[PDB]
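> Sharing a structure, written as structure tokens. Questions coming.
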Amino acid sequence: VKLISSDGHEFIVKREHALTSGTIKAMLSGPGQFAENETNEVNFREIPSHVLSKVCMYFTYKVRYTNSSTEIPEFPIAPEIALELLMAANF
Amino acid sequence: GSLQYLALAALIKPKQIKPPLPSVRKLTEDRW
Amino acid sequence: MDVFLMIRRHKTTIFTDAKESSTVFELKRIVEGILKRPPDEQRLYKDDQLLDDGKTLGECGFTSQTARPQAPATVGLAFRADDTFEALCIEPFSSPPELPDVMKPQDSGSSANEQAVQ
């Protein structure tokens with residue numbers, strides 16, 4: 001999984017975590033057609049690398065958290081930047 | 001969709017929403 | 001036990017999920033199978049210091065507390081190329097960690113690398 005942000009920043013995600021992420025209902029079914037090519041090179045528009053990084057980290061965390069890391073508490077609600085991501089709405 | 005629900009399960013922020021400021025990359029704090 | 005790191009080649013960040021028993025050389029081999037670049041020319045810089053290919057992540061300070069699933073340890077990947085001065089741009093031994101000025105006067109998040117936008 002190769003993510004591409006508006007800043008031209010590429011993010012390579014390990015398939016090990018990607019598989020688990022795919023199990024969760026993501027915005028992959030949002031657009032009209034999400035062909036195999038789109039699943040390889042995912043280009044996002046109006047989405048900065050900075051905010052995308054937090055999303056990727058949260059996904060990575062969630063993958064482990066809902067797997068073998070459910071012993072710890074939920075993500076620390078310290079940085080109030082999650083609502084900023086919710087501003088996208090279609091995510 | 002996904003993040004729409006995951007965001008609430010990440011941080012419960014009851015702050016104001018306003019169009020993102022082009023100066024940086026974050027939503028402004030006002031109302032609309 | 002688990003080690004979460006991020007090999008950042010400036011514009012290309014590769015999430016690496018390895019273990020404390022994994023060596024630095026192994027990381028390069030992983031990058032090789034992704035970017036198709038020889039490990040010989042690969043330079044991994046963590047904490048602005050060069051990692052040892054013959055050393056394991058545990059000896060390189062890749063503790064699970066530093067390398068968390070919520071915030072992986074960002075390692076700089078400099079690719080040595082002839083004539084290409086791009087390498088110097090990704091070398092912390094010459095160029096400081098790239099950080100946007102607009103994303104500078106902010107606070108810290110819940111872990112390393114994470115920032116809190118005011």
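Naming scheme: A, B, ... for chains in displayed order of the structure tokens; residues 1 onward per chain; ligands 1 onward as shown.
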Write out, as CSV, each residue of chain B that has an atom at most 6 Å from chain A, together with the closest pair of atoms and their distance in Å to one decimal, counting only C-alpha atoms, rows going by chain and rising number.


residue,atom,partner,partner_atom,distance
B:1,CA,A:91,CA,5.0
B:2,CA,A:26,CA,4.9
B:3,CA,A:91,CA,5.0
B:4,CA,A:86,CA,5.5
B:7,CA,A:82,CA,5.5
B:10,CA,A:75,CA,5.8
B:11,CA,A:77,CA,4.7

> Hey, which bits of chain C sit within 8 Å of chain A, and for each residue what's the closest pair of atoms and how far apart in Å (one decimal), counting only C-alpha atoms, rows by chain and increasing number, as CSV?


residue,atom,partner,partner_atom,distance
C:11,CA,A:9,CA,4.7
C:12,CA,A:10,CA,4.6
C:13,CA,A:11,CA,4.9
C:14,CA,A:12,CA,4.4
C:15,CA,A:13,CA,5.4
C:16,CA,A:14,CA,6.8
C:17,CA,A:14,CA,7.2
C:69,CA,A:61,CA,4.7
C:70,CA,A:61,CA,4.8
C:71,CA,A:57,CA,6.1
C:72,CA,A:57,CA,7.7
C:108,CA,A:79,CA,7.8
C:109,CA,A:79,CA,5.2
C:110,CA,A:78,CA,6.2
C:114,CA,A:54,CA,7.4
C:115,CA,A:79,CA,7.7
C:116,CA,A:79,CA,5.3
C:117,CA,A:81,CA,6.7

> Please run DSSP on the backbone and report, as a count of residues only, all residues within chain C that come out as strand (DSSP E or B).

36

> Find, counting only C-alpha atoms, the residue in B:12, B:27, B:6, B:17 that gets nearest to chain C.

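Among B:12, B:27, B:6, B:17, it is B:27 that comes nearest to chain C.
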
> Quick one: residues within 8 Å of segment 37-40 of chain C, only C-alpha atoms, excluding same-chain residues fewer than 4 positions away - as a list in words?

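The neighbour list is residues 25, 28, 29, 31, 32 and 33 of chain C.
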
> Please return, as a list in words, all residues of chain B lying within 8 Å of chain C when only C-alpha atoms are considered.

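Residues passing the distance filter: residues 23, 24 and 26 of chain B.
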
> Please, which residues of segment 15-58 of chain C, numbered as in this document, come out helix (DSSP H, G or I) from DSSP, as a CSV table (one decimal) with N, CA and C atoms, in the first residue's frame?


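Below is the file that was written, part.csv:
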chain,number,residue,atom,x,y,z
C,24,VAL,N,20.1,-3.9,11.6
C,24,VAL,CA,20.0,-2.7,10.8
C,24,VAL,C,20.1,-3.1,9.3
C,25,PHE,N,21.0,-4.1,9.0
C,25,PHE,CA,21.2,-4.6,7.7
C,25,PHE,C,19.9,-5.2,7.1
C,26,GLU,N,19.1,-5.9,8.0
C,26,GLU,CA,17.8,-6.5,7.6
C,26,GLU,C,16.9,-5.4,7.1
C,27,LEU,N,16.9,-4.2,7.8
C,27,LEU,CA,16.0,-3.1,7.4
C,27,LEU,C,16.3,-2.7,6.0
C,28,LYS,N,17.6,-2.6,5.7
C,28,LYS,CA,18.0,-2.2,4.4
C,28,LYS,C,17.6,-3.1,3.3
C,29,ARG,N,17.6,-4.4,3.7
C,29,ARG,CA,17.1,-5.5,2.8
C,29,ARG,C,15.7,-5.4,2.5
C,30,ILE,N,14.9,-4.9,3.5
C,30,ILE,CA,13.5,-4.7,3.4
C,30,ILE,C,13.2,-3.6,2.4
C,31,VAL,N,13.9,-2.5,2.6
C,31,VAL,CA,13.8,-1.3,1.7
C,31,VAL,C,14.2,-1.6,0.3
C,32,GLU,N,15.2,-2.5,0.2
C,32,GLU,CA,15.7,-3.0,-1.1
C,32,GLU,C,14.6,-3.6,-1.9
C,33,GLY,N,13.8,-4.4,-1.2
C,33,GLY,CA,12.7,-5.2,-1.8
C,33,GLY,C,11.5,-4.3,-2.1
C,34,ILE,N,11.5,-3.0,-1.7
C,34,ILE,CA,10.4,-2.1,-1.9
C,34,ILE,C,10.8,-1.0,-2.9
C,35,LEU,N,11.9,-0.3,-2.6
C,35,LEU,CA,12.4,0.8,-3.5
C,35,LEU,C,13.3,0.3,-4.6
C,39,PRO,N,21.3,-2.0,-0.7
C,39,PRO,CA,21.5,-1.7,0.7
C,39,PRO,C,22.9,-1.1,0.9
C,40,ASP,N,23.8,-1.4,0.0
C,40,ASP,CA,25.2,-0.9,0.1
C,40,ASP,C,25.2,0.7,0.1
C,41,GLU,N,24.3,1.2,-0.7
C,41,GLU,CA,24.3,2.7,-0.9
C,41,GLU,C,23.3,3.3,0.1
C,57,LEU,N,18.4,-4.0,16.4
C,57,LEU,CA,17.5,-2.9,16.8
C,57,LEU,C,17.6,-2.6,18.3
C,58,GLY,N,17.7,-3.6,19.1
C,58,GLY,CA,17.7,-3.5,20.5
C,58,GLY,C,19.0,-2.7,20.9

> Hey, which of C:23, C:53, C:1, C:47 ends up closest to residue 91 of chain C? Count only C-alpha atoms.

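So, comparing all the options, the nearest one is C:47.
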
> Please report the interatomic distance between atom CA of residue 3 of chain C and atom CA of residue 64 of chain C in Å with one decimal.

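Pair atom CA of residue 3 of chain C / atom CA of residue 64 of chain C returns 5.6 Å.
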